[PDB]
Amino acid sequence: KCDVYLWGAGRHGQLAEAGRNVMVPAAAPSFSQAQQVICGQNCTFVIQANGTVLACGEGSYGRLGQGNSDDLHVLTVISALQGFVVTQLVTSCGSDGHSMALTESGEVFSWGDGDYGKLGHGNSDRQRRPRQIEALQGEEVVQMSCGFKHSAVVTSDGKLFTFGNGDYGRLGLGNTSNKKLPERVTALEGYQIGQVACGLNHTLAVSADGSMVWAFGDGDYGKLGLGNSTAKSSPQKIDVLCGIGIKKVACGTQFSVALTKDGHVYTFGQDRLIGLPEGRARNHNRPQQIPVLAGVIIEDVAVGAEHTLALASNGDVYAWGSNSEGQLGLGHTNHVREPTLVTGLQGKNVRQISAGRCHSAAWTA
């Protein structure tokens, strides 16, 4: 067992017994068998240590993978993945919602809203239960991301595939067509891609050795980190992030986050969401280190739609950004510009975090 804390919006039952509108982290005893918790678009998934997946919250457009679209207020097993050991799960933080789960054998199952081909089945049909993406048969997928209207997967041999809505270049294929089947990002074929993150309408990718980062998609608010606000349909190196050793990247609606291996956080994009003091908004269109976290070793970051959580090596959790539903966990619903300590998690020995559209989670597994 572990301890799980949930907070933010809970009106569709996505926080189960923790409540309906929660401004401070609240214990969720029913989640105690979680090894992972994944917060999405008004929904929450759990992966148990044995590979079983459960879901609760908003069920619109098959979100919960139950074979129907019912809202659920208690964690409920996704029977359609029974038989498979699920190791990872990702879900979108906006639009009409979709999800991808990864098995032990490197196979990817997708479900939810089918618009734009983002599920990868060669059509745009809703899938109310998890369905294997057959086109990835024989690929060993190791990492995945769900954007608002597109998706992406990374393979063990370092290839990157994208699919879904093509508007503004977000698939990185050099045009803006929608793709209903996974497409190799040929521009990156000469490199080994280790991870991908997808936002409202841009995408970031990191090389396997952490030495290189690329951006593509819509350019608003300088969220591509290339020093302007122009959309790019092919991957473009983010020079500031190359050579510094990147552990992880993540994307929100109008901003990007990068974590270095030595525990520093860089942000870029819309000023209100990037956690910097106001003077530093000058260069919001290039990556900048977050000053208030300089004396903190950050082990992980989790990005929702418009908020960010950061976990320090001592277990402390920091939050900043939008907060109208209490998703920061700070006891109010006011916007917070810079990373702020979540005091409700002090002494809780948090080891993992997750951020959804407008709810959050932290737990001790």
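Heads up: residue numbers just count along the shown sequence, starting at 1.
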| query | finding |
| --- | --- |
| Between the two ranges 280-288 and 173-181, the one averaging a larger CA B factor in the entry | 280-288 |
| Mean C-alpha B-factor comparison - 244-252 and 73-81, higher one | 244-252 |
| Of the residues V303, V37, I297, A55, the one carrying the largest Cα B-factor as recorded | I297 |
| Selection from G138, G120, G194, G217 [criterion: highest C-alpha temperature factor in the record] | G138 |
| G59 - Cα temperature factor, lowest/middle/highest third of chain | lowest |
| Third of the chain, ranked by Cα B-factor, where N50 sits | middle |
| Ranked C-alpha temperature factor of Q352 among modelled chain residues, by third | middle |
| Lowest, middle or highest third - CA B-factor, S229 | highest |
| Chain-relative CA temperature factor third for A319 | middle |
